[PDB]
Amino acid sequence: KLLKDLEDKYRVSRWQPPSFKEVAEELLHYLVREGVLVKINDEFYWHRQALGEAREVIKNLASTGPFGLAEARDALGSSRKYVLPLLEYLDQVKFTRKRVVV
């Protein structure tokens, strides 16, 4: 039950997920290990599906050249707040590196 609600909370929120405090490790780590969630930073986690088409959006954007944080925010319709961590997470996992999709 608590694992289903945790999942929905992130799924419903999508590209603008709640922070650890807002939702407030035992459970989250489990979902991460189950492919349900993925850690972007110490702050908040993202639903993998949400992270999925969110990545698909970034990819379809960099098609027409580089792109800064501002541009990223527009396509995802989020805010520099949530878009900056996400984009940094992508530089990490090597999805990108303005920015370019490598």
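Numbers follow the displayed sequence, beginning with 1.
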I want to verify a possible break: how many residues of the deposited sequence sit between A24 and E25 without any coordinates (none, 1 to 3, 4 to 9, 10 or more)? 10 or more
What number of residues from the deposited sequence go unmodelled in the gap from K4 to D5, classed as none, 1 to 3, 4 to 9, or 10 or more? none
Take the C-alpha B-factors listed in the entry for 51-59 and for 37-45, compute each mean, and give the stretch with the larger one. 37-45
Please say which third, lowest, middle or highest, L28 falls into when its CA temperature factor is compared across its chain. highest
If you rank the chain by CA B-factor, which third does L87 end up in: lowest, middle or highest? middle
Chain third (lowest, middle, highest) by recorded CA B-factor, residue given as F20: highest
